[PDB]
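Trainee: Just passing along the structure, written as structure tokens.
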Amino acid sequence: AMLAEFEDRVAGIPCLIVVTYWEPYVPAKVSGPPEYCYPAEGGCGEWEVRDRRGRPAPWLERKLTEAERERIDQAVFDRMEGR
């Protein structure tokens, strides 16, 4: 569904980011013998740009650059991993 929404910007234009899937971050096991160690999991998911009413915003989606996608990826992580 629609897990969370927050106000942000795409190339300076106000929008809503809606998070549609979130895989919770699960820490790696690093302490102790290597035989018991394992990598981290999750800390990623799926999000979309929307207008302030939560409607599709294809005109903003087209304005996303890879730089913006990377910045918003981190904004989503911080929102979903917050308290």
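Going by the structure tokens order, chains are called A, B, ..., each with residues numbered from 1, while ligands are numbered from 1 in the order shown.
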Using only C-alpha atoms, which residues sit within 7 Å of residue 63 (chain A) once same-chain residues fewer than 4 positions away are excluded, as an MDAnalysis selection string?
Mentor: chainID A and resid 10:11 59
Trainee: Pick out the residues sitting within 10 Å of residue 24 (chain A), and hand them over as an MDAnalysis selection string; count only C-alpha atoms, and ignore anything fewer than 5 positions along from it in its own chain.
Mentor: chainID A and resid 41:45 77 80:81
Trainee: Find the distance between CA of residue 53 (chain A) and CA of residue 72 (chain A) and write it in Å to one decimal.
Mentor: 19.0 Å
